[PDB]
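Okay, protein-v1.pdb is below, PDB, C-alpha atoms:
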```pdb
ATOM      1  CA  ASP F   1     -28.692   9.987 -35.222  1.00  0.00           C
ATOM      2  CA  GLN F   2     -26.951   6.619 -35.823  1.00  0.00           C
ATOM      3  CA  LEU F   3     -23.604   8.521 -36.092  1.00  0.00           C
ATOM      4  CA  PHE F   4     -24.555  10.728 -33.067  1.00  0.00           C
ATOM      5  CA  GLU F   5     -25.786   7.883 -30.785  1.00  0.00           C
ATOM      6  CA  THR F   6     -22.660   5.784 -31.596  1.00  0.00           C
ATOM      7  CA  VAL F   7     -20.370   8.787 -30.784  1.00  0.00           C
ATOM      8  CA  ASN F   8     -22.235   9.376 -27.461  1.00  0.00           C
ATOM      9  CA  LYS F   9     -21.888   5.657 -26.531  1.00  0.00           C
ATOM     10  CA  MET F  10     -18.106   5.825 -27.234  1.00  0.00           C
ATOM     11  CA  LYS F  11     -17.826   9.072 -25.171  1.00  0.00           C
ATOM     12  CA  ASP F  12     -20.054   7.594 -22.392  1.00  0.00           C
ATOM     13  CA  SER F  13     -17.835   4.454 -22.182  1.00  0.00           C
ATOM     14  CA  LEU F  14     -14.555   6.443 -21.844  1.00  0.00           C
ATOM     15  CA  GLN F  15     -16.207   8.749 -19.233  1.00  0.00           C
ATOM     16  CA  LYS F  16     -17.496   5.693 -17.261  1.00  0.00           C
ATOM     17  CA  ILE F  17     -13.975   4.112 -17.262  1.00  0.00           C
ATOM     18  CA  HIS F  18     -12.407   7.303 -15.749  1.00  0.00           C
ATOM     19  CA  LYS F  19     -15.100   7.713 -13.013  1.00  0.00           C
ATOM     20  CA  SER F  20     -14.747   4.056 -11.837  1.00  0.00           C
ATOM     21  CA  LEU F  21     -10.933   4.367 -11.329  1.00  0.00           C
ATOM     22  CA  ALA F  22     -11.204   7.539  -9.159  1.00  0.00           C
ATOM     23  CA  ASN F  23     -13.738   5.989  -6.691  1.00  0.00           C
ATOM     24  CA  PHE F  24     -11.807   2.651  -6.360  1.00  0.00           C
ATOM     25  CA  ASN F  25      -8.517   4.039  -4.897  1.00  0.00           C
ATOM     26  CA  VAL F  26     -10.175   5.546  -1.723  1.00  0.00           C
ATOM     27  CA  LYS F  27      -8.271   5.480   1.429  1.00  0.00           C
ATOM     28  CA  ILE F  28      -5.673   2.619   1.531  1.00  0.00           C
ATOM     29  CA  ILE F  29      -5.344   2.797   5.375  1.00  0.00           C
ATOM     30  CA  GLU F  30      -7.948   3.977   7.967  1.00  0.00           C
ATOM     31  CA  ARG F  31      -6.846   4.870  11.552  1.00  0.00           C
ATOM     32  CA  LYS F  32      -9.297   3.654  14.271  1.00  0.00           C
ATOM     33  CA  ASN F  33      -8.575   6.363  16.940  1.00  0.00           C
ATOM     34  CA  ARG F  34      -6.303   5.047  19.783  1.00  0.00           C
ATOM     35  CA  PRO F  35      -3.504   2.402  19.403  1.00  0.00           C
ATOM     36  CA  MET F  36      -4.122  -1.403  19.479  1.00  0.00           C
ATOM     37  CA  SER F  37      -1.264  -3.769  18.405  1.00  0.00           C
ATOM     38  CA  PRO F  38       0.846  -4.747  15.308  1.00  0.00           C
ATOM     39  CA  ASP F  39      -0.990  -8.104  14.788  1.00  0.00           C
ATOM     40  CA  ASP F  40      -4.217  -6.195  15.697  1.00  0.00           C
ATOM     41  CA  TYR F  41      -3.686  -3.619  12.881  1.00  0.00           C
ATOM     42  CA  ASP F  42      -3.230  -6.536  10.413  1.00  0.00           C
ATOM     43  CA  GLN F  43      -6.424  -8.084  11.927  1.00  0.00           C
ATOM     44  CA  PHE F  44      -8.459  -4.811  11.838  1.00  0.00           C
ATOM     45  CA  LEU F  45      -6.835  -3.813   8.479  1.00  0.00           C
ATOM     46  CA  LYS F  46      -7.477  -7.280   6.919  1.00  0.00           C
ATOM     47  CA  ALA F  47     -11.285  -6.836   7.152  1.00  0.00           C
ATOM     48  CA  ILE F  48     -10.983  -3.337   5.539  1.00  0.00           C
ATOM     49  CA  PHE F  49      -8.505  -4.616   2.883  1.00  0.00           C
ATOM     50  CA  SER F  50     -10.877  -7.435   1.781  1.00  0.00           C
ATOM     51  CA  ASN F  51     -13.801  -4.968   1.325  1.00  0.00           C
ATOM     52  CA  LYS F  52     -11.542  -2.469  -0.546  1.00  0.00           C
ATOM     53  CA  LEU F  53     -10.115  -5.262  -2.779  1.00  0.00           C
ATOM     54  CA  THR F  54     -13.657  -6.542  -3.602  1.00  0.00           C
ATOM     55  CA  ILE F  55     -14.867  -2.969  -4.415  1.00  0.00           C
ATOM     56  CA  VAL F  56     -11.861  -2.457  -6.779  1.00  0.00           C
ATOM     57  CA  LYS F  57     -12.682  -5.788  -8.524  1.00  0.00           C
ATOM     58  CA  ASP F  58     -16.382  -4.759  -8.835  1.00  0.00           C
ATOM     59  CA  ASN F  59     -15.342  -1.424 -10.456  1.00  0.00           C
ATOM     60  CA  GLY F  60     -12.961  -3.356 -12.763  1.00  0.00           C
ATOM     61  CA  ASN F  61     -15.748  -5.740 -13.891  1.00  0.00           C
ATOM     62  CA  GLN F  62     -17.971  -2.725 -14.803  1.00  0.00           C
ATOM     63  CA  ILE F  63     -15.067  -1.062 -16.723  1.00  0.00           C
ATOM     64  CA  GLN F  64     -14.402  -4.361 -18.593  1.00  0.00           C
ATOM     65  CA  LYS F  65     -18.139  -4.625 -19.489  1.00  0.00           C
ATOM     66  CA  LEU F  66     -18.136  -0.926 -20.560  1.00  0.00           C
ATOM     67  CA  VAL F  67     -15.273  -1.775 -23.023  1.00  0.00           C
ATOM     68  CA  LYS F  68     -17.450  -4.560 -24.577  1.00  0.00           C
ATOM     69  CA  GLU F  69     -20.295  -1.992 -25.056  1.00  0.00           C
ATOM     70  CA  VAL F  70     -17.946   0.293 -27.109  1.00  0.00           C
ATOM     71  CA  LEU F  71     -17.307  -2.570 -29.594  1.00  0.00           C
ATOM     72  CA  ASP F  72     -21.096  -3.151 -29.892  1.00  0.00           C
ATOM     73  CA  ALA F  73     -21.694   0.619 -30.397  1.00  0.00           C
ATOM     74  CA  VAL F  74     -18.642   1.010 -32.738  1.00  0.00           C
ATOM     75  CA  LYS F  75     -19.437  -2.298 -34.581  1.00  0.00           C
ATOM     76  CA  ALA F  76     -15.716  -2.580 -35.549  1.00  0.00           C
ATOM     77  CA  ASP F  77     -13.897  -5.962 -35.903  1.00  0.00           C
ATOM     78  CA  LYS F  78     -11.260  -6.698 -33.174  1.00  0.00           C
ATOM     79  CA  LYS F  79      -8.785  -7.793 -35.927  1.00  0.00           C
ATOM     80  CA  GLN F  80      -8.792  -4.256 -37.437  1.00  0.00           C
ATOM     81  CA  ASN F  81      -5.723  -2.295 -36.138  1.00  0.00           C
ATOM     82  CA  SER F  82      -7.689   0.921 -35.356  1.00  0.00           C
ATOM     83  CA  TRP F  83      -9.704  -0.858 -32.612  1.00  0.00           C
ATOM     84  CA  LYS F  84      -6.504  -2.526 -31.330  1.00  0.00           C
ATOM     85  CA  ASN F  85      -4.779   0.880 -30.948  1.00  0.00           C
ATOM     86  CA  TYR F  86      -7.871   2.258 -29.115  1.00  0.00           C
ATOM     87  CA  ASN F  87      -8.048  -0.916 -26.957  1.00  0.00           C
ATOM     88  CA  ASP F  88      -4.476  -0.323 -25.648  1.00  0.00           C
ATOM     89  CA  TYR F  89      -5.365   3.340 -24.948  1.00  0.00           C
ATOM     90  CA  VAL F  90      -8.289   2.339 -22.652  1.00  0.00           C
ATOM     91  CA  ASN F  91      -5.902  -0.059 -20.791  1.00  0.00           C
ATOM     92  CA  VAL F  92      -3.303   2.756 -20.445  1.00  0.00           C
ATOM     93  CA  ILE F  93      -5.915   5.082 -18.840  1.00  0.00           C
ATOM     94  CA  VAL F  94      -6.868   2.264 -16.398  1.00  0.00           C
ATOM     95  CA  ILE F  95      -3.105   1.737 -15.674  1.00  0.00           C
ATOM     96  CA  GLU F  96      -2.633   5.481 -15.139  1.00  0.00           C
ATOM     97  CA  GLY F  97      -5.732   5.553 -12.891  1.00  0.00           C
ATOM     98  CA  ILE F  98      -4.467   2.528 -10.887  1.00  0.00           C
ATOM     99  CA  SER F  99      -1.066   4.224 -10.409  1.00  0.00           C
ATOM    100  CA  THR F 100      -2.786   7.409  -9.100  1.00  0.00           C
ATOM    101  CA  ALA F 101      -5.100   5.387  -6.773  1.00  0.00           C
ATOM    102  CA  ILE F 102      -2.192   3.263  -5.395  1.00  0.00           C
ATOM    103  CA  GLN F 103      -0.065   6.459  -5.085  1.00  0.00           C
ATOM    104  CA  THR F 104      -2.800   8.160  -2.975  1.00  0.00           C
ATOM    105  CA  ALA F 105      -3.026   5.173  -0.558  1.00  0.00           C
ATOM    106  CA  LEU F 106       0.806   5.104  -0.215  1.00  0.00           C
ATOM    107  CA  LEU F 107       0.817   8.932   0.258  1.00  0.00           C
ATOM    108  CA  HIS F 108      -1.822   8.642   3.054  1.00  0.00           C
ATOM    109  CA  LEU F 109       0.429   6.080   4.854  1.00  0.00           C
ATOM    110  CA  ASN F 110       3.428   8.464   4.437  1.00  0.00           C
ATOM    111  CA  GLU F 111       1.658  11.294   6.354  1.00  0.00           C
ATOM    112  CA  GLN F 112       0.969   8.822   9.213  1.00  0.00           C
ATOM    113  CA  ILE F 113       4.293   6.898   8.752  1.00  0.00           C
ATOM    114  CA  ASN F 114       6.576  10.003   8.483  1.00  0.00           C
ATOM    115  CA  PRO F 115       7.410  11.487  11.964  1.00  0.00           C
ATOM    116  CA  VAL F 116       7.718  15.243  11.091  1.00  0.00           C
ATOM    117  CA  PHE F 117       4.036  15.492   9.986  1.00  0.00           C
ATOM    118  CA  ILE F 118       3.046  13.408  13.082  1.00  0.00           C
ATOM    119  CA  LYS F 119       5.069  15.642  15.496  1.00  0.00           C
ATOM    120  CA  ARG F 120       3.255  18.832  14.292  1.00  0.00           C
ATOM    121  CA  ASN F 121      -0.207  17.138  14.620  1.00  0.00           C
ATOM    122  CA  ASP F 122      -1.907  16.001  17.893  1.00  0.00           C
ATOM    123  CA  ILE F 123      -2.354  12.454  16.411  1.00  0.00           C
ATOM    124  CA  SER F 124       0.915  11.359  18.154  1.00  0.00           C
ATOM    125  CA  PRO F 125       1.145   7.509  18.525  1.00  0.00           C
ATOM    126  CA  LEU F 126      -0.718   5.033  16.208  1.00  0.00           C
ATOM    127  CA  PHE F 127       1.124   1.645  16.524  1.00  0.00           C
ATOM    128  CA  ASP F 128       1.797  -0.076  19.906  1.00  0.00           C
ATOM    129  CA  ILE F 129       5.237  -1.527  20.904  1.00  0.00           C
ATOM    130  CA  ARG F 130       5.783  -3.983  23.844  1.00  0.00           C
ATOM    131  CA  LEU F 131       9.181  -4.068  25.591  1.00  0.00           C
ATOM    132  CA  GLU F 132      10.343  -7.311  27.340  1.00  0.00           C
ATOM    133  CA  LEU F 133      13.845  -7.596  28.902  1.00  0.00           C
ATOM    134  CA  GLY F 134      16.027 -10.119  26.991  1.00  0.00           C
ATOM    135  CA  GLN F 135      19.215 -11.749  28.356  1.00  0.00           C
ATOM    136  CA  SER F 136      20.913 -11.361  24.920  1.00  0.00           C
ATOM    137  CA  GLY F 137      19.621  -7.692  24.582  1.00  0.00           C
ATOM    138  CA  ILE F 138      16.483  -5.455  25.109  1.00  0.00           C
ATOM    139  CA  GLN F 139      13.839  -6.941  22.771  1.00  0.00           C
ATOM    140  CA  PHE F 140      10.681  -5.240  21.387  1.00  0.00           C
ATOM    141  CA  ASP F 141       7.512  -7.242  20.505  1.00  0.00           C
ATOM    142  CA  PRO F 142       7.743  -5.507  17.031  1.00  0.00           C
ATOM    143  CA  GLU F 143      11.629  -5.936  17.144  1.00  0.00           C
ATOM    144  CA  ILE F 144      12.310  -2.694  15.050  1.00  0.00           C
ATOM    145  CA  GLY F 145      14.005  -4.154  11.891  1.00  0.00           C
ATOM    146  CA  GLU F 146      13.256  -5.800   8.507  1.00  0.00           C
ATOM    147  CA  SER F 147      13.979  -9.186  10.283  1.00  0.00           C
ATOM    148  CA  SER F 148      12.616 -11.431   7.380  1.00  0.00           C
ATOM    149  CA  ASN F 149      11.290 -13.932  10.024  1.00  0.00           C
ATOM    150  CA  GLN F 150       8.313 -14.113  12.508  1.00  0.00           C
ATOM    151  CA  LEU F 151       6.412 -10.756  12.781  1.00  0.00           C
ATOM    152  CA  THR F 152       7.994  -7.237  12.580  1.00  0.00           C
ATOM    153  CA  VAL F 153       6.685  -3.677  11.857  1.00  0.00           C
ATOM    154  CA  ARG F 154       8.717  -3.607   8.583  1.00  0.00           C
ATOM    155  CA  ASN F 155       7.319  -7.085   7.681  1.00  0.00           C
ATOM    156  CA  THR F 156       3.742  -5.861   8.431  1.00  0.00           C
ATOM    157  CA  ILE F 157       4.262  -2.480   6.644  1.00  0.00           C
ATOM    158  CA  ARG F 158       5.797  -4.544   3.822  1.00  0.00           C
ATOM    159  CA  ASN F 159       2.571  -6.654   3.766  1.00  0.00           C
ATOM    160  CA  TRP F 160       0.504  -3.399   3.768  1.00  0.00           C
ATOM    161  CA  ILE F 161       2.466  -2.072   0.717  1.00  0.00           C
ATOM    162  CA  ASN F 162       1.767  -5.400  -1.119  1.00  0.00           C
ATOM    163  CA  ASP F 163      -2.047  -4.875  -0.758  1.00  0.00           C
ATOM    164  CA  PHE F 164      -1.909  -1.740  -3.011  1.00  0.00           C
ATOM    165  CA  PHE F 165       0.240  -3.780  -5.490  1.00  0.00           C
ATOM    166  CA  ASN F 166      -2.343  -6.645  -5.175  1.00  0.00           C
ATOM    167  CA  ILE F 167      -5.069  -4.382  -6.738  1.00  0.00           C
ATOM    168  CA  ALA F 168      -3.216  -5.276 -10.003  1.00  0.00           C
ATOM    169  CA  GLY F 169      -5.017  -8.677 -10.229  1.00  0.00           C
ATOM    170  CA  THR F 170      -8.551  -7.150 -10.172  1.00  0.00           C
ATOM    171  CA  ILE F 171      -7.952  -5.115 -13.404  1.00  0.00           C
ATOM    172  CA  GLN F 172      -6.974  -8.342 -15.320  1.00  0.00           C
ATOM    173  CA  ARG F 173      -5.471  -6.211 -18.203  1.00  0.00           C
ATOM    174  CA  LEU F 174      -7.607  -4.436 -20.878  1.00  0.00           C
ATOM    175  CA  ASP F 175      -7.636  -6.576 -24.086  1.00  0.00           C
ATOM    176  CA  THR F 176      -5.706  -9.179 -26.236  1.00  0.00           C
ATOM    177  CA  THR F 177      -4.433 -11.313 -23.267  1.00  0.00           C
ATOM    178  CA  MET F 178      -7.072 -13.155 -21.151  1.00  0.00           C
ATOM    179  CA  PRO F 179      -4.537 -13.485 -18.252  1.00  0.00           C
ATOM    180  CA  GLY F 180      -2.356 -10.401 -17.551  1.00  0.00           C
ATOM    181  CA  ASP F 181      -0.413  -8.880 -14.612  1.00  0.00           C
ATOM    182  CA  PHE F 182      -0.497  -5.146 -13.680  1.00  0.00           C
ATOM    183  CA  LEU F 183       2.221  -5.007 -10.969  1.00  0.00           C
ATOM    184  CA  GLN F 184       5.071  -4.890 -13.554  1.00  0.00           C
ATOM    185  CA  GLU F 185       3.514  -1.776 -15.227  1.00  0.00           C
ATOM    186  CA  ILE F 186       2.625  -0.024 -11.895  1.00  0.00           C
ATOM    187  CA  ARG F 187       6.140  -0.795 -10.475  1.00  0.00           C
ATOM    188  CA  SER F 188       7.739   0.746 -13.640  1.00  0.00           C
ATOM    189  CA  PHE F 189       6.032   4.149 -13.007  1.00  0.00           C
ATOM    190  CA  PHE F 190       8.624   6.667 -11.667  1.00  0.00           C
ATOM    191  CA  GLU F 191       6.003   8.372  -9.414  1.00  0.00           C
ATOM    192  CA  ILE F 192       5.123   5.039  -7.682  1.00  0.00           C
ATOM    193  CA  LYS F 193       8.869   4.354  -7.057  1.00  0.00           C
ATOM    194  CA  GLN F 194       9.384   7.819  -5.445  1.00  0.00           C
ATOM    195  CA  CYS F 195       6.440   7.299  -3.016  1.00  0.00           C
ATOM    196  CA  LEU F 196       7.671   3.760  -2.106  1.00  0.00           C
ATOM    197  CA  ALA F 197      11.269   5.065  -1.670  1.00  0.00           C
ATOM    198  CA  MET F 198      10.023   7.913   0.612  1.00  0.00           C
ATOM    199  CA  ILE F 199       8.195   5.373   2.880  1.00  0.00           C
ATOM    200  CA  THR F 200      11.415   3.288   3.307  1.00  0.00           C
ATOM    201  CA  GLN F 201      13.425   6.423   4.308  1.00  0.00           C
ATOM    202  CA  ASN F 202      10.846   7.328   7.029  1.00  0.00           C
ATOM    203  CA  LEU F 203      10.988   3.750   8.471  1.00  0.00           C
ATOM    204  CA  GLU F 204      14.837   3.894   8.643  1.00  0.00           C
ATOM    205  CA  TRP F 205      14.768   7.286  10.487  1.00  0.00           C
ATOM    206  CA  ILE F 206      12.611   6.008  13.430  1.00  0.00           C
ATOM    207  CA  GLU F 207      14.796   2.837  13.764  1.00  0.00           C
ATOM    208  CA  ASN F 208      18.013   4.933  14.167  1.00  0.00           C
ATOM    209  CA  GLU F 209      16.763   7.407  16.850  1.00  0.00           C
ATOM    210  CA  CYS F 210      14.759   4.454  18.309  1.00  0.00           C
ATOM    211  CA  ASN F 211      18.023   2.438  18.654  1.00  0.00           C
ATOM    212  CA  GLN F 212      19.632   5.434  20.469  1.00  0.00           C
ATOM    213  CA  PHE F 213      16.646   5.603  22.901  1.00  0.00           C
ATOM    214  CA  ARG F 214      16.927   1.792  23.420  1.00  0.00           C
ATOM    215  CA  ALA F 215      20.751   2.185  23.755  1.00  0.00           C
ATOM    216  CA  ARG F 216      20.426   4.417  26.883  1.00  0.00           C
ATOM    217  CA  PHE F 217      18.659   1.560  28.768  1.00  0.00           C
ATOM    218  CA  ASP F 218      21.157  -0.905  27.157  1.00  0.00           C
ATOM    219  CA  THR F 219      24.223   1.006  28.491  1.00  0.00           C
ATOM    220  CA  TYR F 220      23.587  -0.228  32.082  1.00  0.00           C
ATOM    221  CA  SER F 221      20.543  -2.616  32.122  1.00  0.00           C
ATOM    222  CA  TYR F 222      21.686  -4.818  29.170  1.00  0.00           C
ATOM    223  CA  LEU F 223      25.229  -5.089  30.655  1.00  0.00           C
ATOM    224  CA  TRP F 224      23.775  -6.175  34.057  1.00  0.00           C
ATOM    225  CA  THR F 225      21.591  -9.025  32.652  1.00  0.00           C
ATOM    226  CA  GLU F 226      24.680 -10.356  30.750  1.00  0.00           C
ATOM    227  CA  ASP F 227      26.901 -10.559  33.902  1.00  0.00           C
ATOM    228  CA  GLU F 228      26.627 -13.746  36.065  1.00  0.00           C
ATOM    229  CA  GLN F 229      25.670 -13.586  39.803  1.00  0.00           C
ATOM    230  CA  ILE F 230      29.001 -15.303  40.777  1.00  0.00           C
ATOM    231  CA  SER F 231      30.578 -11.903  39.811  1.00  0.00           C
ATOM    232  CA  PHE F 232      29.937 -10.579  43.390  1.00  0.00           C
ATOM    233  CA  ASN F 233      33.155 -12.314  44.627  1.00  0.00           C
ATOM    234  CA  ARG F 234      35.202 -10.385  41.978  1.00  0.00           C
ATOM    235  CA  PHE F 235      33.767  -7.055  43.304  1.00  0.00           C
ATOM    236  CA  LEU F 236      34.984  -7.839  46.880  1.00  0.00           C
ATOM    237  CA  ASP F 237      38.604  -8.461  45.675  1.00  0.00           C
TER     238      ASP F 237
END
```
Whole structure given in structure tokens:
Amino acid sequence: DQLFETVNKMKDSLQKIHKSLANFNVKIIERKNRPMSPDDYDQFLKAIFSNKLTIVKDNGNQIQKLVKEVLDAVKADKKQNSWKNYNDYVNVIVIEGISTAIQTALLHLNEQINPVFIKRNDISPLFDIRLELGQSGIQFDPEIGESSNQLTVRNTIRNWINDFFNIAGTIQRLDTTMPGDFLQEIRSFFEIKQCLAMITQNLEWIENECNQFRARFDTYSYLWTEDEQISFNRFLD
């Protein structure tokens, strides 16, 4: 019974660790029906992101406590190598689970972010873009580009991608190091890189065709704004 109960506790702990990881990934992004605004999505998304981040941390705390229970059930010294090898294995499963959860959230964004899936569906538009005439050129409120300054769709999407990466802090490693990062391990995964790479390709595709659509207005309207009024005299002779 002592041997049996200890084995069940070890099996129960591993099973509990796996179940917690699956529930925590959820949906990374939720679409609230009709379009609002870029800043607005960050505003509406920020409330959802905080709740999702807190839930992931709560699941992580339970998994960390579950690991402590195994040592009590096993009654094996931490110094012994056998426990150390097992300790790394639990951490690896959590890492693998985090990669799958982050991958699902990124994949959900890809279906919304990629145009071909969107064209087939009746979902159509999600984000909202504002166009204001600019003397230097036609300028969008989003500005369609990486930019690296002020606010842009790529900068926001870039912030969105960081939130999945941010879930790394909640895990706080598995054992041996009190303070540990999880972004380096998740970034290393080949599967995570492919999903991230796919998202970047979709963003570039809309910008190209989008530039062509903006170019048609730019062929005559942009040229007009640039020319000075005193150009009327030149037209006469």
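Checking F:115, F:180, F:125, F:38 one by one against residue 199 of chain F, counting all atoms listed in the file, you find the shortest gap at F:115.
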On this structure, the PyMOL selection byres ((chain F and resi 70) around 12) would catch which residues? List them as a PyMOL selection string, sorted by chain and number. chain F and resi 5-17+63-69+71-78+83+86-87+90
Find the smallest box with edges along x, y and z containing every listed atom of segment 186-204 of chain F, then add 6 Å on each side and report centre and edge lengths in Å to one decimal, as lines of an AutoDock Vina configuration file.
```
center_x = 8.7
center_y = 3.8
center_z = -2.5
size_x = 24.2
size_y = 21.2
size_z = 34.3
```
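Non-sequential neighbours of residue 128 of chain F (distance at most 9 Å, separation of 6 or more positions within a chain, all atoms listed in the file) are residues 35, 36, 37, 38 and 142 of chain F.
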With C-alpha atoms retained, export the selected residues as a PDB file, in the frame of the given file.
```pdb
ATOM      1  CA  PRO F  35      -3.504   2.402  19.403  1.00  0.00           C
ATOM      2  CA  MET F  36      -4.122  -1.403  19.479  1.00  0.00           C
ATOM      3  CA  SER F  37      -1.264  -3.769  18.405  1.00  0.00           C
ATOM      4  CA  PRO F  38       0.846  -4.747  15.308  1.00  0.00           C
ATOM      5  CA  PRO F 142       7.743  -5.507  17.031  1.00  0.00           C
TER       6      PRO F 142
END
```
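Distance-wise, atom CA of residue 101 of chain F and atom CA of residue 25 of chain F end up 4.1 Å apart.
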Set the distance at 10 Å and use only C-alpha atoms: which residues neighbour segment 186-189 of chain F once local chain neighbours fewer than 5 positions away are removed? I'd like the list as a PyMOL selection string. chain F and resi 95-96+98-100+102-103+165+168+181+194+196
When the PyMOL selection byres ((chain F and resi 111) around 12) is applied to the file above, which residues end up in the set, as a PyMOL selection string? chain F and resi 29+31+104-110+112-121+123-124+126+195+198-199+202
Just how far from atom CA of residue 41 of chain F is atom CA of residue 129 of chain F, in Å to one decimal? 12.2 Å
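When atom CA of residue 160 of chain F is paired with atom CA of residue 45 of chain F, their separation reads 8.7 Å.
Distances here use all atoms listed in the file; by that measure, the residue among F:141, F:42, F:182, F:28 closest to residue 92 of chain F is F:182.
For the choices F:204, F:231, F:56, F:26, the atom-to-atom distance to residue 153 of chain F is smallest for F:204 when using all atoms listed in the file.
Distances from F:30, F:223, F:24, F:228 to residue 46 of chain F were compared using only C-alpha atoms, and the smallest one belongs to F:30.
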